[PDB]
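**Q** The structure under discussion is supplied below as structure tokens; questions concerning it will follow.
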Amino acid sequence: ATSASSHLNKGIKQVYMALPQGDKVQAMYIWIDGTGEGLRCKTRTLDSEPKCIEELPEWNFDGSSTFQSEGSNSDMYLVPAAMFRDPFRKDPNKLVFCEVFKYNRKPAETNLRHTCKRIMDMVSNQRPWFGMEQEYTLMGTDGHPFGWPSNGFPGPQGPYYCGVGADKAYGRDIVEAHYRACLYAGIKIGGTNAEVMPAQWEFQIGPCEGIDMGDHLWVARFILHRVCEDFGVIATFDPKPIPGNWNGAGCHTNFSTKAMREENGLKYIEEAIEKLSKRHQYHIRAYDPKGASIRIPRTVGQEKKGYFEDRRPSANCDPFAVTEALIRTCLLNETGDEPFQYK
Amino acid sequence: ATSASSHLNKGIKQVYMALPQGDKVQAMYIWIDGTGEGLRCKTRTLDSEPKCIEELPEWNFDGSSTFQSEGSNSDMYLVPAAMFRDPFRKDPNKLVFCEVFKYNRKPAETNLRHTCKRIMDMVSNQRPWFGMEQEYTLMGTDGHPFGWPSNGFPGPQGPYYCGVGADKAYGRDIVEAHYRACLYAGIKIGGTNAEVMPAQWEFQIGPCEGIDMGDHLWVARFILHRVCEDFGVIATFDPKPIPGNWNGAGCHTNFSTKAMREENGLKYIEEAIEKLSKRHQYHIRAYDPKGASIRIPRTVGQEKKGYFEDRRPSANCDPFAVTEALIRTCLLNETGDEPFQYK
Amino acid sequence: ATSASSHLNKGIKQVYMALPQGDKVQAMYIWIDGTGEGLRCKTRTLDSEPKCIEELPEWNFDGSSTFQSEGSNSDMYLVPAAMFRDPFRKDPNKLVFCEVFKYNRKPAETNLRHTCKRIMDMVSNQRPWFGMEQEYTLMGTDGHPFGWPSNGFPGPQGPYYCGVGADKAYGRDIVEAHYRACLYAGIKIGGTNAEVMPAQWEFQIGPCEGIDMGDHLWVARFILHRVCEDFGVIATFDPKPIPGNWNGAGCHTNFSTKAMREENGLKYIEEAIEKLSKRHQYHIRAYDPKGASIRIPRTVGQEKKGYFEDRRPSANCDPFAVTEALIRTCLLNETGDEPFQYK
Amino acid sequence: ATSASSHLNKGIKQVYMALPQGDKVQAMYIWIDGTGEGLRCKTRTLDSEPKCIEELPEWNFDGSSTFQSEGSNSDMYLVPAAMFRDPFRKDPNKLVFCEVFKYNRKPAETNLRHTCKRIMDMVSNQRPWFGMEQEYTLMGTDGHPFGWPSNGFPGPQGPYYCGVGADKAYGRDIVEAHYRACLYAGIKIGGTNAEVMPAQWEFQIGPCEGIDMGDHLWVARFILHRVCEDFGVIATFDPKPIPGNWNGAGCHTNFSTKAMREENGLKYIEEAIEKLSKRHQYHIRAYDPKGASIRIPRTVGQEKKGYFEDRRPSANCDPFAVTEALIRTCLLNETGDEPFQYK
Amino acid sequence: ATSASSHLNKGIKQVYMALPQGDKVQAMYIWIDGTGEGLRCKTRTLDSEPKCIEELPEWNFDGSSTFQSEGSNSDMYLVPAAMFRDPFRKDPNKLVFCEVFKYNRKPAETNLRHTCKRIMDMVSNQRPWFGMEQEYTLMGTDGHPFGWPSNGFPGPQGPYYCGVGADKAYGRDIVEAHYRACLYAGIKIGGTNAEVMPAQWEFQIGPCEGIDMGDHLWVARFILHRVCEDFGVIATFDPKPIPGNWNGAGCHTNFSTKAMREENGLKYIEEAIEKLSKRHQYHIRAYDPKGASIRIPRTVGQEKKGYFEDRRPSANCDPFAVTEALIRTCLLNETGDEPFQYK
Ligand SMILES: [Mn+2]
Ligand SMILES: [Mn+2]
Ligand SMILES: [Mn+2]
Ligand SMILES: [Mn+2]
Ligand SMILES: [Mn+2]
């Protein structure tokens with residue numbers, strides 16, 4: 001099944017979209033829900049196209065409707081963090097990803113970006129690069145994977161991974177649209193592939209210099225949601241969408257530094273892996289918003305330089321928390337149940 | 001459900017629309033129904049494109065069919081008031097919002113613009129600015145909200161406010177089309193967002209210098225109706241569309257003056273609020289066509305200058321009456337059950 | 001029946017596709033499945049458009065999901081072999097057909113290209129030209145031929161071969177789209193025709209200089225699968241799609257050399273046919289991935305120069321194996337159950 | 001949605017059923033699946049109607065298909081335990097509920113009846129009476145509750161508990177059919193009611209003298225499954241069918257003895273409750289097949305004699321284990337993690 | 001999908017069926033098709049109800065339409081062999097299973113009954129008893145199993161063997177109707193069960209004294225076809241209905257003699273098994289119309305008397321050939337590629 005809005009005549013929408021916009025420019029503010037994994041958005045009008053993120057004014061929203069404020073002082077604030085081109089509106093309109101504050105102007109329970117940015121600024125000399133692969137499932141509005149038979153299973157696993165064909169890959173139009181929208185918007189998307197079960201896909205984001213990783217992955221998730229809403233399907237990042245033998249279906253984070261990219265970086269990668277081996281429980285706790293767990297590429301080992309792979313994060317993981325934990329455990333040499341405060 | 005006209009082949013319509021129009025120009029006269037909240041329209045042909053509103057001739061219509069005239073002398077008059085570009089016809093065609101007169105050439109029961117314009121002209125030195133947020137619900141032709149399940153509720157409140165996704169926001173194509181149409185037509189639309197229940201949305205109009213507020217909000221309502229008619233859905237401004245816990249779902253009016261925008265304007269805002277506190281019943285009567293009721297932004301209080309917010313008007317309110325009452329109570333210092341006549 | 005993805009609004013997809021892509025370029029790596037007849041693909045991002053195939057980097061994939069690797073070392077490699085323009089993405093994006101390696105960097109069980117390329121390089125002086133005609137059937141997602149009646153047969157054979165009409169040819173849009181996509185991508189497609197039963201078609205690829213034959217036929221098969229996926233139908237190369245009197249429905253390979261194209265080449269063609277007559281069982285074994293069998297054109301015989309036709313290969317045949325066997329039996333004069341190793 | 005078998009013409013079935021059966025009699029053997037909560041059945045033919053359970057011969061089945069045997073010796077045995085009239089076949093045909101044995105003629109992992117019967121025979125002097133209330137949900141074949149809107153919720157809780165009306169109770173025909181079938185078959189069903197959410201129902205079984213409780217509840221579950229299969233819906237005893245605020249949705253067991261039914265039995269009930277208070281974890285473990293947790297009726301307290309209520313068992317509980325645990329903790333005064341063996 | 005005839009109003013049919021028939025009686029002659037596995041039938045009128053099979057006259061049919069005669073002399077003959085009550089017509093009407101002859105009055109290629117009857121008459125002193133279990137699949141008219149999802153699989157194997165529930169057993173109404181029809185008609189049906197995949201079932205016929213086995217199994221197959229035709233589904237005895245892991249899905253024949261039923265019959269069973277072990281290829285050839293292959297029940301071994309089981313015959317096997325081969329190999333001690341002629 002598909003949503004009722006997807007059955008509206010989209011040619012009418014495209015007739016209205018093709019009107020010359022004028023001097024005004026629409027900016028769609030995007031922020032993370034109070035649940036830690038949802039995204040909320042609302043569009044305002046700017047008198048002119050902003051050249052930089054600093055020209056974007058701050059905004060506010062009702063936090064009581066977003067699961068992240070109390071009744072007495074419900075208003076929260078939106079401080080713009082990253083700016084991207086609007087694929088849906090095709091320019092000069094801008095997507096504005098923003099942080100959330102409380103009435104006290106202090107980071108919200110779900111604003112993990114504020115600290116993550118501080119951590120990345122501390123280790124800015126090492127220039128960390130992250131690459132994150134996000135796996136999702138396309139679902140109908142009836143709660144079942146898109147293109148699956150009603151009350152039924154498509155078939156045994158094996159033909160669908162990177163498959164091509166009407167019976168091999170489901171909803172590739174969503175994937176192509178999302179890829180093109182992320183390219184236009186400036187997201188650092190590096191590729192896509194179809195996963196082992198049909199209607200399950202994956203897009204990779206990276207390499208990114210820092211908080212760019214979290215910003216790009218969150219905006220890529222938003223673009224996926226908007227594109228799927230246009231098509232009338234649902235993008236699910238739940239680690240266990242369909243019950244069965246398949247277990248993980250989660251994000252993989254690739255971490256490198258300046259030293260690891262240069263010669264004799266394999267020993268730095270080994271040191272980082274050994275440091276991570278001690279903090280397994282902390283990373284398992286941090287990755288959840290509520291063969292090998294950590295793996296090394298063999299091509300990197302042959303070249304003795306490169307990156308590593310962490311298979312532990314789930315699909316609904318928060319990139320800010322993941323990257324901050326990876327930096328703290330490896331670069332900052334932190335140990336303990338709770339992170340230290342670099343006040 | 002959607003209307004039968006929405007299932008006509010719209011590509012045929014766009015083939016006919018793309019014909020070179022020629023020297024003639026079509027103007028769609030729009031006026032307020034006798035009910036006080038409905039809109040009526042009819043298009044004529046002009047030999048040339050009018051540069052200003054004064055070139056638009058007066059027109060007439062059958063008031064017996066519009067609930068606002070008696071049988072003996074049914075004819076009413078249309079005097080053009082505001083001119084906008086026609087989004088639907090894409091230029092040089094014009095939307096003409098007009099006032100209604102009786103056979104006596106005297107303002108109609110529903111023409112509240114004529115007095116409101118006089119009031120705004122009296123206080124033109126203070127330069128009042130209004131901002132109005134209009135909340136509407138998208139409904140099917142079956143009387144239920146669009147995208148809702150038949151005989152059913154979408155789910156608990158909370159995921160839908162400013163939500164993105166096929167299961168989070170219903171009928172966003174209508175919203176995008178209406179936003180672009182209002183931009184092209186010259187309406188001062190400042191942004192939109194999705195409301196707490198799905199298929200419920202809101203657009204903000206403002207700031208506006210005067211009767212511009214009423215003109216822009218009425219033409220924005222007309223554009224919403226035309227766009228929804230193109231999509232085959234209904235835009236409802238009823239304050240209580242769906243029975244349940246949700247109560248208000250009504251317009252919010254933001255009022256500022258020249259003094260309140262300048263430094264030390266917070267005391268002027270406080271004076272206006274104190275004046276409004278006495279005339280609560282009068283404003284409640286005037287807003288109906290048939291936490292705090294009046295609120296102050298906290299950012300304005302921190303900056304000690306700006307505007308205030310009135311949460312009392314409903315969604316089907318008449319902007320002319322609302323703005324006239326706000327001016328009379330605050331700027332004109334009027335008191336009493338009935339307004340004074342500045343003859 | 002058609003796939004559920006085909007019922008998505010494709011106008012939305014085309015709106016997203018028309019976005020200006022930017023400096024980045026998407027390359028879709030394509031490789032042969034472990035089954036020997038399936039195709040797998042996945043797209044990456046390149047910083048610039050590659051001018052030649054050598055600029056394409058090597059890649060890797062999970063061979064456990066592709067029926068061609070064991071659990072311990074599942075990773076396989078993709079070495080680019082041929083580059084074509086991407087019809088689906090309309091440039092500068094590129095389709096990259098690649099060979100598969102094991103973790104040992106040794107040809108995979110299904111990588112028959114590596115040896116075939118060696119064989120063609122050995123006989124490069126003779127300049128062999130191959131022409132292959134591929135016959136396929138368009139099927140619904142319900143496992144029946146496209147356009148056929150449910151639980152029914154279209155009619156007696158005879159009106160459908162090269163037929164024109166709604167009741168004569170089924171799914172010609174797929175054929176036209178595939179032909180245009182192969183032209184744009186640079187495939188050497190020489191023509192198409194409709195076969196004796198409806199929804200069955202055939203496209204010819206050739207002439208090709210060498211491994212170009214295998215590359216072009218495999219990429220043409222991939223383009224057919226992608227186009228059919230866009231239309232929501234399935235392209236089947238099974239030699240026996242629908243049970244009945246029809247038997248072969250398989251590929252025909254046309255083989256010529258430099259000598260056979262020149263004058264008095266008919267005797268060379270006769271020598272090649274006599275050599276092939278001895279190795280019938282070997283070619284029957286090699287053609288399977290798991291009137292006359294070999295025929296001569298009469299126009300060639302009248303002109304005493306040209307090519308021959310082999311009707312023995314099936315529709316799901318591997319072009320690399322077919323062309324390698326044809327070269328080895330004719331040009332290399334090989335005899336025996338197993339081919340010799342030119343180490 | 002409903003199953004495809006439910007859309008077969010049932011009048012044809014009733015025409016065939018009305019044929020005079022003859023001298024032969026069909027007996028449907030029923031046994032518990034290896035999963036501990038599923039039911040399996042298969043019908044044989046008897047030359048004459050059995051007057052007692054002892055005339056029923058033993059049978060066998062393939063335990064490899066029932067998740068309860070290994071490959072080498074898959075055969076299991078069926079020893080008849082209880083006999084009931086066949087509601088579906090309307091007599092002289094009999095439903096035969098049987099225990100399962102292994103090839104060693106030793107109770108199967110899921111045959112908890114064999115021990116429970118021993119325990120009840122030990123305490124046969126006290127004459128324990130049990131009453132069990134079973135709560136189930138009617139679901140479509142699409143995995144959603146029957147009569148619920150697609151992708152939707154019926155409404156707020158409150159109108160549906162014991163409700164009457166097309167919008168208040170869903171699938172009452174299943175309930176009436178199941179009640180009448182259980183009456184005819186001899187099940188001690190004491191009543192039904194509709195639960196707080198629509199399509200959720202409950203039937204009470206009791207009072208029963210002993211292993212009669214387990215036999216009657218299991219056969220009532222089987223009759224519910226057969227009736228729902230006739231109607232094309234699914235009866236689910238999962239404690240959490242639909243995600244949401246509702247939590248328990250589980251069976252309630254009412255336990256009395258001969259002493260508790262007589263005068264001054266309230267002190268015996270208090271002693272039993274105090275004994276149960278110590279073994280909470282053991283009963284929680286035993287109830288799972290993989291206000292107050294224990295409550296006392298107030299009418300019993302006013303009359304100072306009667307029974308108690310245990311709210312702890314879930315809906316998918318095994319009655320044999322529940323009743324055996326209740327007897328062992330109260331009557332047998334057992335304490336400890338594992339039960340004692342009365343060998 | 002179901003056949004179009006199943007969607008006719010069956011109440012009309014039952015109104016016509018309930019008419020008092022009168023003195024005339026309808027007899028439906030049934031014979032085996034020329035293909036060896038199909039059944040053909042046609043009904044005549046008798047002036048009175050026949051008390052015995054000998055009162056049934058011989059008939060004839062067009063063998064050119066039945067794949068078992070040449071053009072010059074197409075007529076074949078029907079000699080009545082067995083008489084049963086007509087379940088479909090509810091008495092006094094009779095089903096007449098008949099042998100087929102050629103114009104020469106000599107057994108037809110597919111009339112294997114004539115010889116089988118001779119063989120059984122030779123060994124009539126030993127009184128052989130056979131029991132045959134027939135496994136079939138219910139299919140829609142679209143060629144897929146009944147109740148399966150379109151283009152889909154129901155689920156993993158394991159819940160369906162002897163399952164009860166709308167999601168566990170498909171088309172049980174067909175099974176109940178067929179069981180009751182076979183009981184009424186006098187078929188020696190001993191029971192049914194649901195098989196490992198849904199819509200697959202099995203009925204057992206036996207014990208039978210001789211050619212009674214072939215007669216009863218063929219008439220049971222005919223009754224299954226007629227009942228399924230009434231329901232609009234297809235009964236398939238193909239050994240491999242749905243491609244996949246499941247392989248056999250074929251009939252099991254249980255063979256006993258007078259000696260094997262008496263004490264110390266286990267040695268006779270062992271002798272029969274040893275004789276069968278030599279003639280495996282002959283029985284494999286004879287069973288086809290175009291753990292252990294032969295197994296012994298363990299209960300029989302414990303009681304040292306009873307029967308054996310042959311798992312080798314397929315589902316579409318001819319019972320006459322199977323029983324004749326079992327008698328010839330065991331009782332007649334025959335050896336060789338071709339059977340001896342007891343002329
Ligand atoms: Mn990975
Ligand atoms: Mn407000
Ligand atoms: Mn040919
Ligand atoms: Mn209770
Ligand atoms: Mn068997």
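Ligands are numbered from 1 in the order shown, residues from 1 within each chain, and chains are lettered A, B, ... in the order they appear in the structure tokens.
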At a cut-off of 8 Å, which residues of chain B touch chain D? Count only C-alpha atoms and give the answer as a list in words.
**A**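 Only these qualify: residues 148, 149, 150, 151, 152, 153, 154 and 155 of chain B.
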**Q** Taking a cut-off of 10 Å and counting only C-alpha atoms, can you build a table that, for each residue of region 82-147 of chain B near region 16-34 of chain B, reports the nearest atom pair and how far apart they are in Å (one decimal), sorted by chain then residue number, as JSON lines?
**A**
```
{"residue": "B:82", "atom": "CA", "partner": "B:30", "partner_atom": "CA", "distance": 9.7}
{"residue": "B:83", "atom": "CA", "partner": "B:27", "partner_atom": "CA", "distance": 9.4}
{"residue": "B:84", "atom": "CA", "partner": "B:27", "partner_atom": "CA", "distance": 9.8}
{"residue": "B:85", "atom": "CA", "partner": "B:27", "partner_atom": "CA", "distance": 9.4}
{"residue": "B:86", "atom": "CA", "partner": "B:27", "partner_atom": "CA", "distance": 8.2}
{"residue": "B:88", "atom": "CA", "partner": "B:17", "partner_atom": "CA", "distance": 9.6}
{"residue": "B:89", "atom": "CA", "partner": "B:17", "partner_atom": "CA", "distance": 7.7}
{"residue": "B:90", "atom": "CA", "partner": "B:17", "partner_atom": "CA", "distance": 9.4}
{"residue": "B:91", "atom": "CA", "partner": "B:25", "partner_atom": "CA", "distance": 8.3}
{"residue": "B:92", "atom": "CA", "partner": "B:25", "partner_atom": "CA", "distance": 6.2}
{"residue": "B:93", "atom": "CA", "partner": "B:26", "partner_atom": "CA", "distance": 4.9}
{"residue": "B:94", "atom": "CA", "partner": "B:27", "partner_atom": "CA", "distance": 4.7}
{"residue": "B:95", "atom": "CA", "partner": "B:28", "partner_atom": "CA", "distance": 4.9}
{"residue": "B:96", "atom": "CA", "partner": "B:29", "partner_atom": "CA", "distance": 4.7}
{"residue": "B:97", "atom": "CA", "partner": "B:30", "partner_atom": "CA", "distance": 4.7}
{"residue": "B:98", "atom": "CA", "partner": "B:31", "partner_atom": "CA", "distance": 5.3}
{"residue": "B:99", "atom": "CA", "partner": "B:31", "partner_atom": "CA", "distance": 6.3}
{"residue": "B:100", "atom": "CA", "partner": "B:31", "partner_atom": "CA", "distance": 6.9}
{"residue": "B:108", "atom": "CA", "partner": "B:34", "partner_atom": "CA", "distance": 8.4}
{"residue": "B:109", "atom": "CA", "partner": "B:34", "partner_atom": "CA", "distance": 7.5}
{"residue": "B:110", "atom": "CA", "partner": "B:34", "partner_atom": "CA", "distance": 5.9}
{"residue": "B:111", "atom": "CA", "partner": "B:32", "partner_atom": "CA", "distance": 7.6}
{"residue": "B:112", "atom": "CA", "partner": "B:32", "partner_atom": "CA", "distance": 9.8}
```
**Q** With a distance cut-off of 12 Å and only C-alpha atoms, select the neighbouring residues of residue 104 (chain C), excluding the residue or stretch itself and same-chain residues fewer than 2 positions from it, and output the selection as a PyMOL selection string.
**A** (chain A and resi 298) or (chain C and resi 69+73-77+100-102+106-108)
**Q** Please identify the residues whose atoms come within 12 Å of ligand 3, using only C-alpha atoms and all ligand atoms, and report them as a count of residues only.
**A** 31
**Q** At a cut-off of 10 Å, using only C-alpha atoms, what residues contact region 327-337 of chain A? Leave out same-chain residues fewer than 4 positions from it and give the result as a PDB file with C-alpha atoms, in the first residue's frame.
**A**
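Written out: part05.pdb:
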```pdb
ATOM      1  CA  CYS A 116      30.231  16.537  19.460  1.00  0.00           C
ATOM      2  CA  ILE A 119      35.039  17.335  20.724  1.00  0.00           C
ATOM      3  CA  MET A 120      35.754  17.636  16.995  1.00  0.00           C
ATOM      4  CA  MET A 122      39.486  19.761  20.178  1.00  0.00           C
ATOM      5  CA  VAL A 123      40.918  17.120  17.817  1.00  0.00           C
ATOM      6  CA  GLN A 126      44.273  15.214  13.689  1.00  0.00           C
ATOM      7  CA  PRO A 128      39.356  12.795  11.561  1.00  0.00           C
ATOM      8  CA  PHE A 255      37.130   5.871  10.936  1.00  0.00           C
ATOM      9  CA  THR A 257      42.840  10.072  11.013  1.00  0.00           C
ATOM     10  CA  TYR A 268      47.820   3.601  14.509  1.00  0.00           C
ATOM     11  CA  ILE A 269      44.769   1.673  13.294  1.00  0.00           C
ATOM     12  CA  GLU A 271      46.195   1.031  18.470  1.00  0.00           C
ATOM     13  CA  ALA A 272      42.735   2.493  17.851  1.00  0.00           C
ATOM     14  CA  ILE A 273      41.215  -0.996  17.599  1.00  0.00           C
ATOM     15  CA  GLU A 274      42.916  -2.061  20.837  1.00  0.00           C
ATOM     16  CA  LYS A 275      41.594   1.060  22.573  1.00  0.00           C
ATOM     17  CA  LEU A 276      38.092   0.346  21.243  1.00  0.00           C
ATOM     18  CA  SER A 277      38.243  -3.278  22.420  1.00  0.00           C
ATOM     19  CA  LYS A 278      38.185  -2.094  26.040  1.00  0.00           C
ATOM     20  CA  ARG A 279      35.212   0.287  25.614  1.00  0.00           C
ATOM     21  CA  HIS A 280      32.813  -2.135  23.899  1.00  0.00           C
ATOM     22  CA  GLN A 281      30.015  -1.670  26.441  1.00  0.00           C
ATOM     23  CA  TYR A 282      30.305   2.128  26.371  1.00  0.00           C
ATOM     24  CA  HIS A 283      30.041   2.194  22.575  1.00  0.00           C
ATOM     25  CA  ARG A 285      25.355   2.094  25.069  1.00  0.00           C
ATOM     26  CA  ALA A 321      27.081  10.273  19.399  1.00  0.00           C
ATOM     27  CA  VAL A 322      28.824   7.618  17.285  1.00  0.00           C
ATOM     28  CA  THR A 323      31.524   9.958  16.001  1.00  0.00           C
TER      29      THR A 323
END
```
**Q** So which residues of region 36-138 of chain E fall under strand (DSSP E) by DSSP, listed as JSON, numbers by chain?
**A** {"E": [39, 40, 41, 42, 43, 44, 45, 46, 59, 60, 61, 62, 75, 76, 77, 78, 79, 80, 81, 82, 83, 84, 85, 94, 95, 96, 97, 98, 99, 100, 101, 129, 130, 131, 132, 133, 134, 135, 136, 137, 138]}
**Q** Smallest atom-to-atom distance to residue 142 (chain A): which of D:256, D:37, D:1, D:286, using only C-alpha atoms?
**A**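 Residue with the minimum atom-to-atom distance to residue 142 (chain A): D:1.
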**Q** Among region 256-294 of chain D, which residues carry a DSSP assignment of helix (DSSP H, G or I), reported as a VMD selection string?
**A** chain D and resid 258 to 261 266 to 278 280 to 287
**Q** Can you tell me which residues surround residue 147 (chain A) at a distance of at most 12 Å, considering only C-alpha atoms, apart from same-chain residues fewer than 4 positions away, and format the answer as a PyMOL selection string?
**A** (chain A and resi 1-2+137-143+151-154+166-172+197-200+233) or (chain C and resi 2-8+141+232) or (chain E and resi 150-152)
**Q** With C-alpha atoms retained, could you export that selection as a PDB file, in the first residue's frame?
**A**
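Ended up saving to again-v1.pdb:
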```
ATOM      1  CA  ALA A   1       0.000   0.000   0.000  1.00  0.00           C
ATOM      2  CA  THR A   2       0.979   3.625  -0.560  1.00  0.00           C
ATOM      3  CA  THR A 137      13.914  -0.559   4.411  1.00  0.00           C
ATOM      4  CA  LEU A 138      11.147   0.758   2.171  1.00  0.00           C
ATOM      5  CA  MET A 139       7.781  -0.001   3.756  1.00  0.00           C
ATOM      6  CA  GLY A 140       4.217   0.520   2.683  1.00  0.00           C
ATOM      7  CA  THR A 141       1.783   2.464   4.782  1.00  0.00           C
ATOM      8  CA  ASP A 142       0.396  -0.924   5.885  1.00  0.00           C
ATOM      9  CA  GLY A 143       3.534  -1.696   7.897  1.00  0.00           C
ATOM     10  CA  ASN A 151       0.576 -11.733   3.982  1.00  0.00           C
ATOM     11  CA  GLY A 152       3.593 -13.144   2.249  1.00  0.00           C
ATOM     12  CA  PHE A 153       7.273 -13.497   1.751  1.00  0.00           C
ATOM     13  CA  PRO A 154       9.023 -12.550  -1.540  1.00  0.00           C
ATOM     14  CA  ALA A 166      11.471  -6.208 -11.370  1.00  0.00           C
ATOM     15  CA  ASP A 167      11.650  -9.306  -9.164  1.00  0.00           C
ATOM     16  CA  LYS A 168      15.071  -8.466  -7.678  1.00  0.00           C
ATOM     17  CA  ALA A 169      14.984  -4.835  -6.487  1.00  0.00           C
ATOM     18  CA  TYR A 170      11.949  -3.014  -5.095  1.00  0.00           C
ATOM     19  CA  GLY A 171      11.563   0.757  -5.145  1.00  0.00           C
ATOM     20  CA  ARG A 172      14.726   1.704  -7.017  1.00  0.00           C
ATOM     21  CA  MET A 197      16.221  -8.664   1.171  1.00  0.00           C
ATOM     22  CA  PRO A 198      14.110  -6.768  -1.384  1.00  0.00           C
ATOM     23  CA  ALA A 199      13.020  -3.190  -0.617  1.00  0.00           C
ATOM     24  CA  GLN A 200      16.076  -2.914   1.664  1.00  0.00           C
ATOM     25  CA  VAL A 233       6.384   4.962   1.013  1.00  0.00           C
TER      26      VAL A 233
ATOM     27  CA  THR C   2       3.321  -5.763 -13.014  1.00  0.00           C
ATOM     28  CA  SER C   3       5.582  -5.012 -10.071  1.00  0.00           C
ATOM     29  CA  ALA C   4       4.488  -2.645  -7.320  1.00  0.00           C
ATOM     30  CA  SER C   5       7.449  -0.349  -7.986  1.00  0.00           C
ATOM     31  CA  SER C   6       6.161   0.262 -11.509  1.00  0.00           C
ATOM     32  CA  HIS C   7       2.999   1.796 -10.035  1.00  0.00           C
ATOM     33  CA  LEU C   8       4.956   4.525  -8.267  1.00  0.00           C
ATOM     34  CA  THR C 141       5.540 -10.706 -11.928  1.00  0.00           C
ATOM     35  CA  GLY C 232       7.718  -3.497 -14.005  1.00  0.00           C
TER      36      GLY C 232
ATOM     37  CA  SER E 150       0.377 -13.779  -5.630  1.00  0.00           C
ATOM     38  CA  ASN E 151       4.002 -13.880  -6.688  1.00  0.00           C
ATOM     39  CA  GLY E 152       4.827 -15.020  -3.207  1.00  0.00           C
TER      40      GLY E 152
END
```
**Q** What is the distance, in Å and to one decimal place, between CA of residue 70 (chain B) and CA of residue 114 (chain B)?
**A**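 Taking CA of residue 70 (chain B) as the start and CA of residue 114 (chain B) as the end point, the length is 21.3 Å.
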**Q** For a test of reading the model, state the distance in Å between CA of residue 209 (chain B) and CA of residue 129 (chain B), rounded to one decimal.
**A** 5.1 Å
**Q** Env of residue 181 (chain C): 9 Å cut, atoms = only C-alpha atoms, seq-sep filter 5 positions within chain, self excluded. Answer as a PyMOL selection string.
**A** chain C and resi 86-88+176+186-187+220+223-224+227
**Q** Skipping near chain neighbours, those fewer than 6 positions away, what residues fall within 10 Å of residue 118 (chain E) using only C-alpha atoms, listed as a PDB file with N, CA and C atoms, in the first residue's frame?
**A**
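As written to disk, part.pdb reads:
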```pdb
ATOM      1  N   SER E 124      -5.348 -64.927  -4.772  1.00  0.00           N
ATOM      2  CA  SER E 124      -6.503 -64.647  -3.923  1.00  0.00           C
ATOM      3  C   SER E 124      -6.465 -65.439  -2.623  1.00  0.00           C
ATOM      4  N   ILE E 211      -7.986 -55.746  -6.031  1.00  0.00           N
ATOM      5  CA  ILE E 211      -8.282 -54.717  -7.024  1.00  0.00           C
ATOM      6  C   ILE E 211      -9.186 -53.649  -6.425  1.00  0.00           C
ATOM      7  N   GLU E 324       0.039 -54.558  -8.645  1.00  0.00           N
ATOM      8  CA  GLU E 324       0.439 -55.715  -9.437  1.00  0.00           C
ATOM      9  C   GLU E 324       1.932 -55.981  -9.309  1.00  0.00           C
ATOM     10  N   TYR E 342       1.227 -65.095 -17.520  1.00  0.00           N
ATOM     11  CA  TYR E 342       0.544 -66.269 -16.973  1.00  0.00           C
ATOM     12  C   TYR E 342      -0.652 -66.619 -17.858  1.00  0.00           C
TER      13      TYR E 342
END
```
